[PDB]
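Visitor: Here's a structure for you.
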Amino acid sequence: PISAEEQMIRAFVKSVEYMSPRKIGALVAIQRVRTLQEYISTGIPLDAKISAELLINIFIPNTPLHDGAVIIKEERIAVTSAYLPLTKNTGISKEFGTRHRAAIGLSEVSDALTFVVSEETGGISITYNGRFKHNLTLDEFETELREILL
Amino acid sequence: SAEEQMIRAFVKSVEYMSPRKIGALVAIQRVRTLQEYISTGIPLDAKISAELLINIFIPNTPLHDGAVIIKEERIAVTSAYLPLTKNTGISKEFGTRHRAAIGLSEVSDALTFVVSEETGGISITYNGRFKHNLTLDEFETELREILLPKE
Amino acid sequence: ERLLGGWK
Ligand SMILES: [Mg+2]
């Protein structure tokens with residue numbers, strides 16, 4: 001049978017695939033070892049199975065769920081719309097936006113793996129232990145996900 | 001409690017969807033197991049909230065077609081497809097969602113409600129009754145009468 | 001209770 005990890009990467013890739021061409025902003029954070037329970041409390045509880053369809057429906061613009069961070073924990077969507085800390089690092093530049101600052105911000109204080117789809121460019125991004133790899137391609141973003149959740 | 005949480009989730013979401021004329025179909029498993037039509041859908045196993053229900057039904061999104069199926073205080077699946085009643089004859093106002101809500105109440109004791117894609121009208125099917133084009137208040141009273149025990 | 005957000 002397919003692994004809960006494996007299914008979850010498949011879910012992520014398919015939704016980014018859908019979302020990136022359409023410049024649909026997305027912000028998804030996966031808890032790893034450091035508990036994200038503080039940011040989980042700020043969001044709308046779903047406790048839902050992870051599917052590409054749900055993620056695409058969550059981030060459709062001008063819906064109740066779309067702004068803020070989806071937070072994955074134990075291979076479920078714990079919450080949507082959660083608030084992550086915005087980075088105070090000035091070198092963050094433009095082109096990147098709140099979603100990116102929230103992703104960068106969370107990687108400063110946690111081991112979480114976060115990824116972003118830019119609302120204005122559609123550009124895929126990813127943060128992990130301070131490091132911030134942006135403008136990935138679908139194959140790039142996919143291979144990155146696999147290593148971290150090997 | 002769990003039914004009271006359910007009812008408020010339903011009322012708030014239909015409140016948003018009805019004036020916007022967003023199509024919606026939600027079936028609540030009661031005594032008889034809906035498992036057969038559950039299997040036809042996208043598993044969510046999610047907590048019931050107005051926000052999730054509203055997001056599910058946003059037009060031309062992956063989840064909004066077919067029925068949401070509520071099972072034991074959870075959104076079990078979305079995009080489930082129900083048996084169609086052998087009647088149709090549904091000209092204006094009433095559409096295939098109503099036909100599926102009727103065809104499912106013919107083979108089970110589900111509580112199913114519909115928001116018309118055409119007019120935003122609220123409908124409920126239960127037992128051998130189709131109560132169509134309710135007000136938000138009438139909708140809410142039906143839910144409480146059927147779902148909460150006694151008071 | 002009421003919903004808020006400006007998606008409204
Ligand atoms: Mg039609």
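Letters A, B, ... mark the chains of the structure tokens in the order given; residue numbers begin at 1 per chain; ligand numbers begin at 1, in order shown.
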Kindly assemble as JSON lines a list of the chain C residues that lie within 8 Å of chain A, each paired with its nearest atom pair and their distance in Å to one decimal, using only C-alpha atoms, sorted first by chain and then by ascending residue number.
Guide:
{"residue": "C:5", "atom": "CA", "partner": "A:64", "partner_atom": "CA", "distance": 6.7}
{"residue": "C:6", "atom": "CA", "partner": "A:62", "partner_atom": "CA", "distance": 7.7}
{"residue": "C:7", "atom": "CA", "partner": "A:62", "partner_atom": "CA", "distance": 4.5}
{"residue": "C:8", "atom": "CA", "partner": "A:62", "partner_atom": "CA", "distance": 7.9}
Visitor: Let's have the selection written as a compact mmCIF listing (two decimals), in the first residue's frame, with C-alpha atoms.
Guide:
# COMPACT_ATOMS: atom_id res chain seq x y z
CA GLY C 5 -13.24 37.71 6.81
CA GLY C 6 -13.95 39.98 3.85
CA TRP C 7 -14.37 37.01 1.60
CA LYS C 8 -17.86 38.07 2.76
Visitor: Which residues form the shell of 12 Å around ligand 1 when you count only C-alpha atoms and all ligand atoms, given as a VMD selection string?
Guide: chain B and resid 23 90 to 97 116 to 118
Visitor: Hey, can you spit out that residue selection with N, CA, C and O atoms as a compact mmCIF listing (two decimals), in the first residue's frame?
Guide:
# COMPACT_ATOMS: atom_id res chain seq x y z
N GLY B 23 -24.87 26.12 -5.63
CA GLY B 23 -25.46 24.80 -5.49
C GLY B 23 -24.84 24.03 -4.34
O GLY B 23 -23.62 24.08 -4.10
N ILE B 90 -38.56 17.99 -13.45
CA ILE B 90 -38.13 19.10 -12.62
C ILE B 90 -37.76 20.25 -13.56
O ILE B 90 -36.62 20.34 -14.03
N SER B 91 -38.76 21.09 -13.87
CA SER B 91 -38.59 22.26 -14.73
C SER B 91 -38.52 23.53 -13.88
O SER B 91 -39.41 23.78 -13.06
N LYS B 92 -37.44 24.31 -14.07
CA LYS B 92 -37.04 25.49 -13.28
C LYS B 92 -36.94 25.19 -11.79
O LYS B 92 -37.49 24.19 -11.30
N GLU B 93 -36.21 26.05 -11.06
CA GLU B 93 -36.02 25.92 -9.61
C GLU B 93 -35.33 24.61 -9.24
O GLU B 93 -34.21 24.63 -8.68
N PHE B 94 -35.98 23.47 -9.54
CA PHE B 94 -35.53 22.14 -9.12
C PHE B 94 -34.67 21.47 -10.20
O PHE B 94 -34.95 21.55 -11.39
N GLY B 95 -33.59 20.82 -9.74
CA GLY B 95 -32.58 20.26 -10.62
C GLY B 95 -32.12 18.89 -10.19
O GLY B 95 -32.76 18.24 -9.36
N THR B 96 -30.98 18.43 -10.74
CA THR B 96 -30.53 17.07 -10.46
C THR B 96 -30.15 16.88 -8.99
O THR B 96 -30.32 15.78 -8.44
N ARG B 97 -29.63 17.92 -8.32
CA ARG B 97 -29.32 17.78 -6.90
C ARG B 97 -30.56 17.40 -6.10
O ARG B 97 -30.51 16.50 -5.25
N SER B 116 -30.51 25.44 -4.10
CA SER B 116 -30.62 25.41 -5.55
C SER B 116 -29.56 26.28 -6.20
O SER B 116 -29.44 27.47 -5.88
N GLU B 117 -28.82 25.68 -7.13
CA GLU B 117 -27.92 26.39 -8.03
C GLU B 117 -28.66 27.47 -8.84
O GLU B 117 -28.06 28.51 -9.16
N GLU B 118 -29.94 27.25 -9.16
CA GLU B 118 -30.70 28.19 -9.99
C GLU B 118 -31.22 29.37 -9.18
O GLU B 118 -31.03 30.52 -9.57
Visitor: Compute the set of chain C residues within 10 Å of chain B, using only C-alpha atoms, and express it as a PyMOL selection string.
Guide: chain C and resi 1-3+8
Visitor: Please report as a compact mmCIF listing (two decimals) with C-alpha atoms, in the first residue's frame which residues of chain B come no farther than 9 Å from chain A, using only C-alpha atoms.
Guide:
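Result file is result07.txt:
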# COMPACT_ATOMS: atom_id res chain seq x y z
CA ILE B 42 -13.49 12.13 -2.05
CA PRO B 43 -12.66 11.11 1.56
CA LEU B 44 -12.20 14.05 3.94
CA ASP B 45 -13.01 12.71 7.42
CA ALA B 46 -13.07 16.38 8.48
CA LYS B 47 -14.56 18.32 11.38
CA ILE B 48 -17.84 20.00 10.49
CA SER B 49 -17.58 23.77 10.24
CA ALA B 50 -19.46 26.40 8.28
CA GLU B 51 -16.13 27.52 6.77
CA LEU B 52 -15.21 24.10 5.36
CA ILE B 54 -18.67 26.94 2.32
CA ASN B 55 -15.24 26.20 0.84
CA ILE B 56 -16.37 22.80 -0.37
CA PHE B 57 -19.25 24.23 -2.35
CA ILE B 58 -17.54 27.18 -4.07
CA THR B 61 -13.74 23.91 -7.71
CA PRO B 62 -12.64 20.25 -7.34
CA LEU B 63 -14.91 19.47 -4.36
CA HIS B 64 -18.23 21.29 -5.08
CA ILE B 75 -17.74 15.41 6.91
Visitor: Tell me, as a ChimeraX atom specification, which residues lie within 10 Å of region 8-21 of chain A, counting only C-alpha atoms; anything in the same chain fewer than 3 positions away does not count.
Guide: /A:2-5,24-26,28,49-57,59-60,72,75-76,115-124,137-139,141-143,145-146,149
Visitor: Report the distance between CA of residue 84 (chain A) and CA of residue 112 (chain A) in Å, rounded to one decimal place.
Guide: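 A separation of 11.2 Å between them.
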Visitor: Using Å and a single decimal, report how far CA of residue 69 (chain B) sits from CA of residue 27 (chain B).
Guide: 4.9 Å
Visitor: I'd like to know which residues of region 19-128 of chain B are alpha helix (DSSP H) (by DSSP, run on the backbone); could you write them as a list in words?
Guide: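 These are the residues in question: residues 19, 20, 35, 36, 37, 38, 50, 51, 52, 53, 54, 55, 56, 57, 96, 97, 98, 99, 100, 101, 102, 103, 104 and 105 of chain B.
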Visitor: Might you pull out every residue within 9 Å of residue 109 (chain B), with only C-alpha atoms counted and same-chain residues fewer than 3 positions away left off, and present them as a PDB file with N, CA, C and O atoms, in the first residue's frame?
Guide:
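Below is the file around_31.pdb, written as the result:
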ATOM      1  N   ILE B  28     -27.044  13.603   5.519  1.00  0.00           N
ATOM      2  CA  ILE B  28     -26.636  13.206   6.870  1.00  0.00           C
ATOM      3  C   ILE B  28     -27.116  11.778   7.121  1.00  0.00           C
ATOM      4  O   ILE B  28     -28.325  11.514   7.163  1.00  0.00           O
ATOM      5  N   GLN B  29     -26.160  10.857   7.265  1.00  0.00           N
ATOM      6  CA  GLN B  29     -26.457   9.486   7.649  1.00  0.00           C
ATOM      7  C   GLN B  29     -27.135   9.462   9.014  1.00  0.00           C
ATOM      8  O   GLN B  29     -26.640  10.049   9.984  1.00  0.00           O
ATOM      9  N   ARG B  30     -28.295   8.814   9.080  1.00  0.00           N
ATOM     10  CA  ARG B  30     -28.915   8.553  10.370  1.00  0.00           C
ATOM     11  C   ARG B  30     -28.831   7.054  10.671  1.00  0.00           C
ATOM     12  O   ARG B  30     -27.733   6.545  10.921  1.00  0.00           O
ATOM     13  N   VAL B  31     -29.949   6.323  10.637  1.00  0.00           N
ATOM     14  CA  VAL B  31     -29.919   4.922  11.064  1.00  0.00           C
ATOM     15  C   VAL B  31     -29.302   4.036   9.983  1.00  0.00           C
ATOM     16  O   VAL B  31     -28.414   3.220  10.253  1.00  0.00           O
ATOM     17  N   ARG B  32     -29.765   4.175   8.746  1.00  0.00           N
ATOM     18  CA  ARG B  32     -29.324   3.301   7.671  1.00  0.00           C
ATOM     19  C   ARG B  32     -27.968   3.783   7.160  1.00  0.00           C
ATOM     20  O   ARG B  32     -27.725   4.987   7.051  1.00  0.00           O
ATOM     21  N   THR B  33     -27.079   2.838   6.866  1.00  0.00           N
ATOM     22  CA  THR B  33     -25.722   3.175   6.474  1.00  0.00           C
ATOM     23  C   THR B  33     -25.692   3.645   5.025  1.00  0.00           C
ATOM     24  O   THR B  33     -26.150   2.941   4.123  1.00  0.00           O
ATOM     25  N   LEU B 104     -32.248   9.351  -2.776  1.00  0.00           N
ATOM     26  CA  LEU B 104     -31.563   8.783  -1.616  1.00  0.00           C
ATOM     27  C   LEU B 104     -32.500   8.660  -0.421  1.00  0.00           C
ATOM     28  O   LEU B 104     -32.354   7.735   0.380  1.00  0.00           O
ATOM     29  N   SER B 105     -33.429   9.605  -0.255  1.00  0.00           N
ATOM     30  CA  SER B 105     -34.403   9.484   0.818  1.00  0.00           C
ATOM     31  C   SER B 105     -35.426   8.385   0.534  1.00  0.00           C
ATOM     32  O   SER B 105     -36.123   7.949   1.458  1.00  0.00           O
ATOM     33  N   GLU B 106     -35.495   7.897  -0.705  1.00  0.00           N
ATOM     34  CA  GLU B 106     -36.324   6.742  -1.042  1.00  0.00           C
ATOM     35  C   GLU B 106     -35.725   5.409  -0.610  1.00  0.00           C
ATOM     36  O   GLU B 106     -36.480   4.436  -0.491  1.00  0.00           O
ATOM     37  N   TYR B 126     -36.699  14.023   3.584  1.00  0.00           N
ATOM     38  CA  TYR B 126     -36.644  13.194   4.779  1.00  0.00           C
ATOM     39  C   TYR B 126     -37.920  12.365   4.847  1.00  0.00           C
ATOM     40  O   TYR B 126     -39.015  12.899   4.648  1.00  0.00           O
ATOM     41  N   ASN B 127     -37.779  11.077   5.163  1.00  0.00           N
ATOM     42  CA  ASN B 127     -38.924  10.147   5.215  1.00  0.00           C
ATOM     43  C   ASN B 127     -39.476  10.098   3.795  1.00  0.00           C
ATOM     44  O   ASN B 127     -38.697   9.925   2.840  1.00  0.00           O
TER      45      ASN B 127
END
Visitor: For the atom pair CA of residue 79 (chain A) and CA of residue 76 (chain B), what is the interatomic distance in Å to one decimal place?
Guide: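 Atom-to-atom, CA of residue 79 (chain A) to CA of residue 76 (chain B), that is 17.0 Å.
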Visitor: Apply DSSP to the backbone of this structure and, from region 57-150 of chain B, keep only the residues in strand (DSSP E or B); write these as an MDAnalysis selection string.
Guide: chainID B and resid 67:70 74:80 111:115 122:126 129:134
Visitor: For each of B:100, B:122, B:25, B:82, take the minimum atom-to-atom distance to residue 39 (chain B), counting only C-alpha atoms, then give the residue where this is smallest.
Guide: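 Closest to residue 39 (chain B), using only C-alpha atoms: B:82.
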Visitor: Pick from B:37, B:111, B:74, B:121: nearest to residue 142 (chain B), with only C-alpha atoms counted?
Guide: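 Closest to residue 142 (chain B), using only C-alpha atoms: B:111.
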